[PDB]
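Heads up: the structure comes next, in structure tokens.
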RNA sequence: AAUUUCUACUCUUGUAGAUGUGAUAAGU
DNA sequence: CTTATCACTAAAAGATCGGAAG
DNA sequence: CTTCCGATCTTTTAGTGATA
């Protein structure tokens, strides 16, 4: 019995609020007089300049330490091979522990505990590892200790400039602890060495050994290219791809040399040699090309290397291009292209579509041309292996121009000669048109973009030829193309820089962190650390103040604020109390002091501690062995239970440690005032983590106390305290609407209900930033014209729960299995509606379908329509592109509220569109997969902690009890099918589909081009007849026919009754007349669509065609043999055109506005479904048709949960299963 | 067209929604 | 342009300065 | 007049659980 309102308080979530600080009183004058802001700006500059020096010393220590490892590597290779062959859990954990011990073994080199080094160098490396992550790297100790590093006097002087202030680097310090650690983190050098580079090197070795087993005739060729490249001259080819040589390959420059050997010098590499071998088309070419024939390069090592401004840069670029005469070289190359041999120069395969998009009319016509011409040149009968050989020989291989000019004819030799005679001419204009004076007028940006794109299209035409010498290419043409390529390669870089400059923003959001000459400013608010951190907050009359007390004449003037009776006028100051993360402080303040470990070496008696204790606390020896053992897993850790299985001694030691913790909690002078009667006794705890997760919320407390106003006023006036007012738009005097969500979090954090029972915790690690001025009347950009102080503070919501969600999917599947009647929301994008919603019931009937064009009754469809018009109205308009892309993000940010409101009201499971396994065209408003990915991520992050503004604080959904329905976001690929209530289903076969019987277009088209193909396609049907009672053409289709021309996705039923409906008038529910069965088809000119749309009436056109042919059909007889006997091309062409028009599900015309669907199949009731009927029980528009089938896919996933005994979904549903399920349920 | 920040407007010197900040790596 | 990491800290420990004593 | 011992400011430091 799990209620939907019980899906709250499951895991903590960390958020961060930001506010603006107004300097109250005359603290602005004090800050300006003392000059903190200029000093902090100079120090931020020094920190930015000092970061690469610390990176340099880390780099040289990493290289020096990695050059000494001689580890042996067969064991992890055996482990990963055992995983590859078995794929069981036992070998999986064996591989995991083998990777862990390899990372530990290589980390022993950094920490200097390696078994295979002597003691002196071990002590040297251990001292270096100790001294890297302390202040000893700043004063100059480890600089002399390393010896290798070279530092000039300026870098050294700015490196010692952080003296007595080193902790400014502290997070950065711990950031570098990510790199050198032995953990499984992706930024670890051991992880990069073991789990990333080594699998690629091992598989490189295996492909090399297998390919040298196949034939050794190219082993000498490998030796010659290794000698000619002059890379790794001290070793042969056989041992450079062996495992022990990886012990020399860990350094970055050796990785670079390995990559240079594999890829060549830009002189051929191994990949180019293999390409030359497989392109020869001898027996060795088939014996190697059927085999794996690639070596993927290794990853780089961590921390390793490899308006007038743009106007002047482009002016110098154009002047240098005019001096080099790149247009003259290009026109000379295009002139000599007309006479040289075309066999010796090749076209890169990556633009095999692109040439089809440029030199001809369709983006894949020349690919089909060369494929069918290779098929026509095949010797013997066509088989599967020969077809696959042809497909392989044309899929990823460069092709010379003679095959292009023979398959596609000589006509391209004119058209190509046309197109270059355009582009270089504009390039000539781009090298003749003068530079614009500024970039503030529209025409200046116009002429600038034209100057970029002509030369950019010239690059994109020069990318056509195969720049890689994978075939036999004469080197002088290669030299000329590469020279003119490298003369003007960076034009893409100036294009990107000009686009991002003209795109970004007109403001300067750059800010630097203020510190007020404090090492640890606003790191914590606790009243014992109130002196050093110097950050407090006051509350008065609903307003919130931040007080920062700086050091006075170089010393912390310990000003004390006195308690005051409440009704006296004054600020309210908190008394923050925290014992941070008791799992790590209870070791810290007991059994890990220097005194206790110094005593426990030479003694066995228990030790009594009486420092910061009200009574002497006793530490016996056994608890010291429990916390500090010989091995890494402690006795009371569950890793000991997993590794050994001795549960009895585990439970006894856990009880002893838990008793010691409970004894400790009552006598430390900070935690003595806390009530611990809320804890269950020691023996009732299953493990240790639950104890710490329940104990941690008990140790944090905020209590307000009244401070006299006069003392604060003289503290501000004197200069001992800097008082700022915390501000956003909700603390203004004219504020009367609903607040922002962060203001709701901030107000609910200091509510009395939260102060009594902590649900939101005010975290430490606050930051103060400063932003310069950035250079009734409503002034544009008021917040961006003045220098401003910002305040960034993190908070932790749902503090009473754990940190990790554990099995969120299991819990939500349990709730969904408990409740079968739960509705399903389906979300789907479309044309003429940006986002479309369909909330359906469990039985399949829709409950509410809507378009999300309108938000606050002032719809965004006209915004996208108008902005997309002005896109065209001024070219592409670099300026407007960004406004469109941000209006899309803002539209999605407003759509988030509508979706979570629908989910909350309907208590439903939402079902989104999976962006993998899918392709979406243009015209869908939001199309870009990155923008919708950002949407799905924003939705997951919003439903991670869902809170509504109008809800009460105490109720579920309020600030003190937010809704948590979705698991924490981790990756765009590790989502799977579900994340809590966020279900994902594959995109296609959801928009163009009959919503009542599930008919889909079974043929694959764009292959109806040859005449006998049309003959076989038309002969595939069973029979066509005419009915005079309804005046319709009934054509019968069997799914076992036209299998070569049908898609390979059979449905449930094999029968279909396609109907050409009488194209008469009809009435909807609203009485608006509409022609029944009419279709919309584009007009085609020069075998290409032109965008203009025309209306088609299939039955009337077929009547006209058949009476013009003189075919008698009023008897109800078959017409297909009555028309195929003449073998007329025009008749079969019109028949195919009418079949395509009839099978066209969607019909839209944005110029006139109508948009509908039309199923050409009679249902079980014999009617033909028309979405222009506007039946509320069926999808209104085509976007509703898409969203309803997305919701039905979610319903299918729900049923897949229901039949399964285990509480887990199936994976992504195959399309054949979806079609079978739909055509089984609906018929 | 006013915003801690973004989007979009002006009955209202503001409105409706969203907003995890800072830092460093790595991939294309 | 994405994917992974870490911090969200008070108290112990040690450097720094100033006063007392031989 | 120099050296040793006590206040003050800065800087390290401890580390729990659980599958995919």
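Numbering (full-length UniProt numbering), first residue to last: 1 to 266, 274 to 313, 326 to 794, 856 to 1307.
Even for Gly, the Cβ is constructed at its ideal location relative to N, Cα and C.
- Between the alpha carbons of residue 983 and residue 923 lies a distance of about 18 Å.
- Here residue 523 is not bridged, per DSSP, to any residue.
- Annotated three-state conformation of residue 1213 is helix, per DSSP.
- When only Cα atoms are considered, residue 20 and residue 751 end up about 12 Å apart.
- Note on geometry: alpha-carbon atoms of residue 1013 and residue 966 lie some 14 Å from one another.
- With 16 or more neighbouring CB atoms inside 10 Å of its own CB, residue 1066 falls in the buried class.
- If you look at residue 1127, you'll find it isn't in any alpha helix (DSSP H); DSSP assigns it neither H nor E.
- Look at residue 765 here: in three-state DSSP terms it is helix.
- Distances from the alpha-carbon of residue 1115 to those of 1025, 1218 and 963 put 1218 closest.
- For residue 1185, the CB contacts under 6 Å within the same chain, skipping 5 residues up- and downstream, are 1214 in chain order.
- Listed as beta-bridge partners of residue 930 by DSSP are 917.
- Every unbroken stretch of the beta strand (DSSP E) spanning 3 or more residues and falling wholly within the segment 971-1005 is given here in chain order: 989-993.
- The segment 1263-1274 and the segment 1062-1076 touch, with no fewer than 3 CB-CB distances between them shorter than 8 Å.
- Residue pairing by DSSP puts residue 566 in a beta bridge opposite 555 and 742.
- For residue 918 against residue 1268, the beta-carbon gap comes to about 5 Å, under 8 Å, which counts as contact.
- Looking at 417, 994, 456 and 265, the one whose alpha-carbon comes closest to that of residue 1015 is 994.
- If you draw a straight line from the Cα of residue 40 to the Cα of residue 257, it comes to about 43 Å.
- Taking all protein chains in view, the Cβ of residue 866 is surrounded by fewer than 16 other Cβ atoms within 10 Å, so the residue is classified as exposed.
- Residue 550 and residue 568 have their C-alpha atoms spaced approximately 8 Å apart.
- Using a Cβ distance threshold of 8 Å, residue 1105 and residue 1197 count as a contacting pair.
- Minimum Cα-Cα distance from residue 239 among the listed residues 217, 208, 259 and 450 corresponds to 208.
- Counting along the chain, residue 280 sits inside the alpha helix (DSSP H) bounded by residues 277-285.
- Residue 605 and residue 670 have their C-alpha atoms some 20 Å from each other.
- Here residue 398 is exposed. Its C-beta has fewer than 16 other C-beta atoms within 10 Å.
- Between residue 225 and residue 305 the beta-carbon gap is near 18 Å, outside 8 Å, which marks them as no contact.
- DSSP, reduced to helix, strand and coil, places residue 596 within a strand of the structure shown.
- Judged by their CB atoms, residue 295 and residue 214 are nearer to each other than the 8 Å cut-off.
- Contact between residue 308 and residue 124 is absent: CB atoms are separated by about 22 Å, not below the 8 Å threshold.
- In terms of Cα proximity to residue 1153, the closest of 419, 1253 and 1174 is 1253.
- For residue 694, the secondary structure class from DSSP, reduced to helix, strand or coil, is coil.
- Residue 417 counts as buried, since at least 16 other C-beta atoms from the protein chains shown sit within 10 angstroms of its C-beta.
- Beta-bridge partners of residue 20 (DSSP): 746 and 870.
- Looking from the CA of residue 697, the closest CA among 376, 681, 689 and 643 belongs to 681.
- Sequence-distant Cβ neighbours of residue 584 in its own chain, meaning closer than 8 Å and more than five residues away, are 725.
- Take the alpha-carbon of residue 179 and the one of residue 719: they are about 33 Å apart.
- Between the segment 1020-1031 and the segment 948-963, the count of C-beta pairs closer than 8 Å stays below three; the two stretches do not touch.
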